[PDB]
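Worksheet: the structure to be examined is printed underneath.
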Amino acid sequence: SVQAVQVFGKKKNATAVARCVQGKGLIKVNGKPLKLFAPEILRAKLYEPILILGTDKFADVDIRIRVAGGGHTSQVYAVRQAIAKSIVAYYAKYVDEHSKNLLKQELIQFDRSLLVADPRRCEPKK
Amino acid sequence: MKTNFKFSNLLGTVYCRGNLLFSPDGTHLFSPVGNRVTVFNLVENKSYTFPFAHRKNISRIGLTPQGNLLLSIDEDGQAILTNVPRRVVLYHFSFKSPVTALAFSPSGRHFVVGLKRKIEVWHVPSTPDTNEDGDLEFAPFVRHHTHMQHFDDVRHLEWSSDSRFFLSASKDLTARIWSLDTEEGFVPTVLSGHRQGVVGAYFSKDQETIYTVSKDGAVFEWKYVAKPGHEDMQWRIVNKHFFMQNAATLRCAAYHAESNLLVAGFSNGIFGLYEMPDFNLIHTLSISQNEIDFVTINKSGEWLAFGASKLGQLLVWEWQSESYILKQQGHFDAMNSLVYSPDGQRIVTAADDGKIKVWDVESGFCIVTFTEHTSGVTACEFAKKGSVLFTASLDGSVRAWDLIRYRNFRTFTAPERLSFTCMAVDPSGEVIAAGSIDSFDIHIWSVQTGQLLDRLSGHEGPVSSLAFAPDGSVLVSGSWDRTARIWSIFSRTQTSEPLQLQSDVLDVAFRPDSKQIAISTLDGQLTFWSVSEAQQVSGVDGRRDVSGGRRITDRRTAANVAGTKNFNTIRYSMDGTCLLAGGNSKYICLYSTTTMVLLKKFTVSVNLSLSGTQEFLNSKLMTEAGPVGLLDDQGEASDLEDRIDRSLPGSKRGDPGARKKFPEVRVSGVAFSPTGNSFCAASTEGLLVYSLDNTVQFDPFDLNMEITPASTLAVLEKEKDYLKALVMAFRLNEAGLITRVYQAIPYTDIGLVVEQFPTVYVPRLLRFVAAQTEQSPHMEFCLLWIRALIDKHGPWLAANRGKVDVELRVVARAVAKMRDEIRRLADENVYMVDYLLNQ
Amino acid sequence: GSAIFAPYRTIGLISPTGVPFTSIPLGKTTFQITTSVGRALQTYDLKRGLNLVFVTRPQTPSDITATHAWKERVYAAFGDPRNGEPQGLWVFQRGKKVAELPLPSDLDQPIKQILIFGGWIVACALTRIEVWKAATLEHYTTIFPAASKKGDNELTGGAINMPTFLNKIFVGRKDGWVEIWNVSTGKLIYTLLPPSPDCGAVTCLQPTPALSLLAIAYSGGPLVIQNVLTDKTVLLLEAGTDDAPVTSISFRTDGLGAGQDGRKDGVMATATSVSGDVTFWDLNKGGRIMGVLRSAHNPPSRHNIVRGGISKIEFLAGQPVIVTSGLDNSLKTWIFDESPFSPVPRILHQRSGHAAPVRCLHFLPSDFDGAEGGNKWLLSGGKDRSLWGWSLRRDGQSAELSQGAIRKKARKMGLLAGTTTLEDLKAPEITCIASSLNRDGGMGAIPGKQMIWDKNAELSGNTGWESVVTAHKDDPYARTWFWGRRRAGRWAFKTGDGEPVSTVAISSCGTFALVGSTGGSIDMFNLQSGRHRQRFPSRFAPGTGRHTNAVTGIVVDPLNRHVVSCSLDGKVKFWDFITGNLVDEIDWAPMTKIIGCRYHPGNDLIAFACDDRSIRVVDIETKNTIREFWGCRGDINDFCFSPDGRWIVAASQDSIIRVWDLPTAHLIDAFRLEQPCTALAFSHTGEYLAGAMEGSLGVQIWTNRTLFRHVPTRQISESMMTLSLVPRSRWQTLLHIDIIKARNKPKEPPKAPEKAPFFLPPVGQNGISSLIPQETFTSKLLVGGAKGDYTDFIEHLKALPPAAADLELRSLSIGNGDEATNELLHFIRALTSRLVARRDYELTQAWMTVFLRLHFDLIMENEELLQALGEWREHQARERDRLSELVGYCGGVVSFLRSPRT
Amino acid sequence: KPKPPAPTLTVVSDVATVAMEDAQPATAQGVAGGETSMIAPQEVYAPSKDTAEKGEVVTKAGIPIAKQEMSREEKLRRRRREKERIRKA
Amino acid sequence: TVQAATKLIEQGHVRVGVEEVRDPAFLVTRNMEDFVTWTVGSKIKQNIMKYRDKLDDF
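Chains as they are written, first to last, in full-length UniProt numbering: chain G, 3 to 128; chain V, 1 to 230, 239 to 847; chain A, 31 to 448, 454 to 490, 499 to 582, 614 to 793, 840 to 895, 923 to 1049; chain D, 639 to 727; chain L, 123 to 180.
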């Protein structure tokens, strides 16, 4: 009955659950707002999907994120991955596939790591 | 380029279940291929396919004795008649029962048809081709008579020579004689006395003796002689004689009455032909291992045409010369892969039968069948040179054939035994990479050395698609570890850059200008990556665009069937602007690589005898025992070799048993043509060649208001401004007008026209003169055109080289035709004449 | 007539006329129901649904006014000669005319009904009965009823037979009299008078299932059932109002259905022509009424455009079903239930059509290459507010795209009894439609039931959303329709300006639906989510490109790059898609006022129809008009393209349809219609054109004659070394015919018997092959050498099979020792002549190759032809130096230009 | 796993490639194609020591040189090269 | 259980390798027992991920 989408985000050892529901427009990380949770210089890494997609896409959703593990940098990268993948999955399920494809195209044109986490394996020059 | 693809000829299969036919001239051979009818012109090597398509497989072909009208019957009796000179569909009409016999009258006014027990003689409809002031009627067929004086299947119908009587041969062991209208001294008599049912009843030339050939292998003569007690005569039997084919029953016989000879094809594949009225065995031989299904004879009488249904196996036999005219074989398994030749004249396909064969695009015949693989053949590939073909297969060997000598100069194996399922080859032709499902390493051999260079590794799963870059610097592998690899092999450092994806990689393809690559995953999405800076630049989510399904034995809705929602194979255009994508589904998608939209979607088959060709099956075919196309009906067969089920339980990939009732629709390989303007796709029905339609569609380039064909010919003939007339014709884009002005300007003003011609119309002009060299008999004129064009616009084409690559390729193969066809003969003639003149 | 379009069939038309149907029982299981198109008859089967069995050909020259259906044949009487038209009576069988009836010379009356019995067929015209004998189909006599007044002679009602009465017809007059006429001797035998003579005219009469009881129905209201030999009234029923006279009556011959339990017989249905409700009587006690089936068809209104009435009632023989046919293009069959007692029946079969003329037409886009093609589904929006999907393949699989439970709403309102009407319960009349089945989900489009026109997207993306968008007459919403489900879609898009819709369009990808108001505003909606995406213009200078007048004709590029939108007042504007800003305008403002546009995908051409009676074709890529067409003498009603793009067809208000060749910029044909055409639609492949006329309900299908026979019509109206043509295959296997026959020999030989048949029978034309063309090749060559020209010998040798060519090239010889008798020297001189004339280079080289290959010994040992070889070598060396330099230059430079970096 | 590879030899003739082609009315090759004799000049004739003359030797170049005309220095060098190959094996 | 497994591979949740398998008699060899797994859009796969609380809706 309720519109709800749960999306994970991943870095070295920092993981993020983001549940996106129908709402008024808030984004909370660990119960505190997104403008509070980061080091003061990496908030520009957090605001990257919102500024790519515009605020009109985030006008309708409410995203709640939990993070665990990692350091400050790994947790910031996990939060921005959870934000971007979360709004793309909500627009996949509950509005049109053309809007899903437009959001995916804008995010992939900026940075692919907002959608697909690339782990660093060990394969040096063999 | 213009993505306006109609359906050109089917190819890759030469015969399927159905009747064979000759033209009344004797040259064209009409053969049914699934639900279409190919015409093989045999006097000049050509072939085409009629534009219709039946919903089920062809049951019957008939042809009006004038030659013009063809009438094709599907299963369940849906008939399409069409005009063979102007290849257009004329009438659709449904006989409500499955047609099991059909014969047109030699006068041309009637045709008789046997629906299982019934015998209906119909009138032949009046057509717009034959009347001056006439049109399509609504219901054109007028029934003349119906006869149900019969007890079982009508297996044959044969008219007289004066077209007043006909004979119906049966399955209730009795041939009958019928009339068209009520004659004076006639009763519709029966001809009883057989043992296993008549195959065919035939008249003689002077219609006194009529012959009956039955299924057990016995042919009887029938004459109108008096009863042995002597107005009082009876159609009785004068002599009987038997084909002594030992352990077989004859499946189809024919009888040429003008020359008096009878041919019979038997269940063990050995046919025999006999000069009938004294029954001297002319000869006999074994054309097929399986059986012979349908025999027809030439109108002249000098050619025979046999068709076996279980394989492709169509062959025409010239009996007095004792030699084949053609002996052709389609694939009897799933066509696994295909590639065009880099010239573009011939394509080569590799199926799971174990054979690979090289079909010619014109004339539709296979020209060589390489048969050294002992298991199913997967991917085949060419080099840039086009003379060498490398084929991988499941018997563990990547073989390497040379097509100027037709022998595998190399065979490669892995030391531990693998079964290769995918392969790529460097465009230099010196390195072969191949990958399998058993080991996750990816093997590399050298062509000029023969031994194994390396086993590259770094994949956590079996490697599914390999592609060498067309410049020659980068191998790309794609594997079920959700990963792809940019292998750089040829540099001094051998490196591997991974591309992490979301699901298992199914296909990898390059752009021709090698900066881009498209990889198709198992989600159903295409991702366009860059190879220099390895970042995804584009993407299509294409599940809905290809999802067309619901096979029989499928308890999901066609929208919920996963497995037919991915792209198994993708190929760029030779332009590089449009992908073409095909999977295990009914639809072929044609995407744009820049604007990321689906330009055009195609449907491979309308054929309802295949399994997955409509996404909403109807509830009429669902009984209370499952669907109606699922009950095992082998036990209702007259022949033991048809009744025996030698099938293995749970064998998806081929078994020699191969029940194969209602096979699935899947596009296992697609390829664009290197000359442009065509692609083709290996379906299960055949090998469909789609091509652009430019002659049946008006499409100007950049037109003004005062530019008509009348104005173009006016500035040609009156004003004599040849460059203006030619630019106006290329601007109108009508091929007849372009040909008219092109032939009309003179060969001394060619140079002035080319010197002042525009560079926006240069590539269209190069393509046009390439087509005119390959088709028209004005060879020195077109070569002066090509010479003036390249001598004037030399540095522009060499500067571009990517925008004009297809135009240069088709010009190159046009001058390759003229270089190999006439000047070798001219040189050999002048050297032979010089020697014979020097004694 | 025309030179391109030939008439095929009026489709979408089952019963439009006042001519009642006729039912014949086939066997014990089928009934044939035969109705009148107006120029033909349609026979449907009842057990097989009501799918069309036969339609009648050829089309009769006038309107059919009477019909009957005997054993197999259908008799059809046509033509009212009181106004011009020719008349006749024709006998059809299986939809083809098998016989004609000889009408009398002095027959100047329409022919109201036909009646076949005994061996006699009987035609009641107006005041006159013409009777033929059926076994020979010959004229017998003519019955003339007589009257004292002018009016009372008129034979309204008709004549019917009683079943056990030998050779007697029962005619009804305009006076109340029913006159019995013995049709053998042509004699008036009895007359029976109306009871209570205020009731004036016999409206109908029908035989009961009782013997010698006839049911006469008078215009003053009473139904009587009377013994017709006792002349005594059995029942008298006040069955009609004086304004609503009983017109059709029919009795149930089943044996049950009355008496408030259903196990007693005696039921009669009746209908008046001014109502649309049938009435059932139980005749048992006094003849009470038992039920009224209300609004079985549309009730006819003189003020409304929708037609209506009931033309005929027929109980079928011995069965519960009742077949009724109305004037509102509809045929229904109802059935009485058995186990619960139903006084009124329930509907089991129905076919229908438009109850009004057809307003707009649209052939559906092609299922990508499937069995539908472009030419199966037509989509017709009528003036009776319904959108029908017609099928040209089978006429039984065409069904109305339903707007919801309209008949359930009209029965739960008081719309079936007697406020608005059932047509007014629907969406308004359709102005235009545009559809794209790239995302039509078939039957399972959105599973479950959805709301209709409302004013969850994972399942929509999996299966498929709406397909058709539809602009209606004066409503501000542009409705949407599922196509594959055949129902109304779940969205209804408002304009944004508030003004009513003027045009609507759908994207090629099937996602976006663009509405364009009559006030100027253009809006774009996503059809999957039903949401407003982009407005044109958004909010040249960006933000200001808005139209000032109505928007007719928007259309989207198939690449989703531009949308080109056309104003009423003046200009055409190309907008960017994803931005919503104006890119480029073209202004024909002070001189035109554009009333429509059509677009051709695959050609990039747009055709605008302006108000100066002209059509301007513009290339959308170069943005300049390329073809203007000036032919119309009225306003352009509807115009369309050809799928090749080569023609544009325009139907104007002057009732002339004009075809323009677009490459030649000329007229081709212009044919005059009987009524002005209101809508045109060409199929997406080239066979069918469809025109919806003015006045006629149901569209007219024309075929395209140019696809089948070539027409030469272009009539502008107002009211060097060459090769040969010889096949490459032929001469290239002449050059190689030893190894080709060696590969064509089988591996194992044929198992010929020991007693082999010597002297096989001769096949081919006279002992040789049938490919050698019939009328001595040495005689040809030597008479060609006696003359100067070898063209006869060369044109003979060209048209040979390769085996016969190798034979006639191996069978040359020196012979007698003269220069005029040897074939080798003349063959060399013939090839020398062809090298001089520069005609057949490839064939000359192939012929010389095989000639030198099989004759080198004689030409080496002989000196009489080494001079000819020297002259041949001179010409050959010149020509091969020139041609080899040419082809080597082109080959080497092309191979360099393909890869210049080594 | 397919099978262990076991040696199989195929005897090709000196016929043209249009004898390996399938049965059809005319060849798909042109007029230049159809003279390629399906075995290379190296299989028609290869000069080697087993097919040389008695007095002569053949070199690695495929050229007949006789032992009588060969000098002492070239004899010594050819003995050293054959001994070098023997030491390599 | 084998009964539930035959029901699931008749409803078509199981692929072997890359191809979905609808036949419940497909003989799985020793090196394809490493490649039998669920299909792409499987509700059974969503059930397993929803149990393990790793339900990624992307």
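C-beta atoms are modelled at their ideal positions from N, C-alpha and C, and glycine is treated no differently.
Mind checking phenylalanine 624 of chain V: buried by the 16 CB within 10 Å criterion, or exposed? Exposed.
Residue-chain proximity (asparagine 153 of chain L, chain V), Cβ-Cβ < 9 Å: Cβ-Cβ to chain V under 9 Å: yes for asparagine 153 of chain L.
In whole angstroms, give me the CA-to-CA distance for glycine 759 of chain V and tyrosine 750 of chain V. So the alpha carbons of these two residues sit roughly 13 Å apart.
For chain L, is any of its Cβ atoms less than 9 Å away from the one on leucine 117 of chain G? Yes, its Cβ sits closer than 9 Å to a Cβ of chain L.
Residues that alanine 657 of chain D contacts on chain A, provided the C-beta gap is smaller than 8 Å: In chain order: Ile859, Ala862 and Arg863.
Taking only beta-carbon positions, decide if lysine 307 of chain V is within less than 9 Å of chain L. The beta carbon of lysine 307 of chain V does not come within 9 Å of any beta carbon belonging to chain L, so the residue lies off that interface.
Would a check of beta-carbon distances place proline 128 of chain V closer than 9 Å to chain G? Not one chain G Cβ lies under 9 Å of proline 128 of chain V.
Which residue's Cα is closest to the Cα of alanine 400 of chain V: V:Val369, V:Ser444 and V:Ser329? For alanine 400 of chain V, the closest C-alpha among the options V:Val369, V:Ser444 and V:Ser329 is that of V:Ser444.
Span separating the alpha-carbon of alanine 432 of chain V from that of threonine 925 of chain A: Cα atoms of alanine 432 of chain V and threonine 925 of chain A: separation of roughly 59 Å, rounded to the nearest angstrom.
Please look up how many angstroms separate the CB atoms of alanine 589 of chain V and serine 627 of chain V, rounded, as I've assumed it's under 8 Å. Contact flag wrong, Cβ pair sits at about 32 Å.
Residue nearest to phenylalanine 525 of chain A in terms of C-alpha spacing, selected from A:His515, A:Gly539, A:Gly434 and A:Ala96: Nearest to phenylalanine 525 of chain A by C-alpha distance, out of A:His515, A:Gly539, A:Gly434 and A:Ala96, is A:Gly434.
Would you mind telling me which residues of chain D sit closer than 8 Å to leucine 855 of chain A, beta carbon to beta carbon, in chain order? By Cβ distance, chain D contributes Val669.
Below 8 Å on the Cβ atoms is my contact criterion, and I expect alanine 20 of chain G with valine 9 of chain G to pass it. Report the Cβ-Cβ distance as a whole number of Å. Indeed, because the Cβ distance is near 5 Å, the residues count as touching under 8 Å.
If we require 3 or more residues per run, which beta strand (DSSP E) segments fall completely within the segment 241-297 of chain A? Listed in chain order, the complete beta strand (DSSP E) runs (minimum 3 residues) inside the segment 241-297 of chain A are 243-248, 252-257, 262-268 and 276-281.
Local conformation of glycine 34 of chain V per DSSP, three classes: Under the three-state reduction of DSSP output, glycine 34 of chain V falls in the coil class, being neither helix nor strand.
With a cut-off of 8 Å, do at least 3 Cβ pairs link the segment 45-57 of chain V to the segment 3-23 of chain V? Here the segment 45-57 of chain V makes contact with the segment 3-23 of chain V; the two share three or more CB pairs at distances below 8 Å.
Looking at the unbroken beta strand (DSSP E) that takes in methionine 241 of chain V, where does it start and where does it end? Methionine 241 of chain V -> beta strand (DSSP E) spans 241-250.
Integer Cβ distance of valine 482 of chain V from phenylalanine 448 of chain V, believed to fall under 8 Å: Between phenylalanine 448 of chain V and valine 482 of chain V the Cβ distance is about 20 Å, and since that is not below 8 Å, they are no contact.
Output yes if chain V places a C-beta closer than 9 Å to the C-beta of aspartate 120 of chain G; else output no. Output row for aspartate 120 of chain G: interface = yes.
Presumed contact (8 Å Cβ cut-off) between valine 121 of chain V and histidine 150 of chain V, rounded CB distance: Rounded, the Cβ-Cβ distance is 14 Å, inconsistent with contact.
Closer than 8 Å is the cut-off here; do at least three beta carbon pairs connect the segment 767-775 of chain V with the segment 790-810 of chain V? Yes: the two stretches touch, three or more of their Cβ pairs being nearer than 8 Å.
Following the continuous alpha helix (DSSP H) through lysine 927 of chain A, name the residue where it begins and the one where it ends. Taken as a continuous stretch (DSSP letters only), the alpha helix (DSSP H) holding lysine 927 of chain A covers 924-933.
With a cut-off of 8 Å, do at least 3 Cβ pairs link the segment 1030-1046 of chain A to the segment 50-63 of chain A? In short, these stretches do not touch, since the Cβ pair count stays below three.
For the alpha helix (DSSP H) holding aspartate 693 of chain A, just list the boundary residues, first then last. Here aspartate 693 of chain A belongs to no alpha helix (DSSP H); instead the beta strand (DSSP E) covers 689-693.
Identify every residue that forms a DSSP beta bridge with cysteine 22 of chain G. Paired residue(s): G:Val7 and G:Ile65.
Under DSSP, the beta strand (DSSP E) around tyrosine 595 of chain V begins and ends at which residues? Where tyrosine 595 of chain V is concerned, the enclosing beta strand (DSSP E) stretches over 595-600.
Does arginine 490 of chain V have its Cβ less than 9 Å from a Cβ in chain L? Closer than 9 Å: no.
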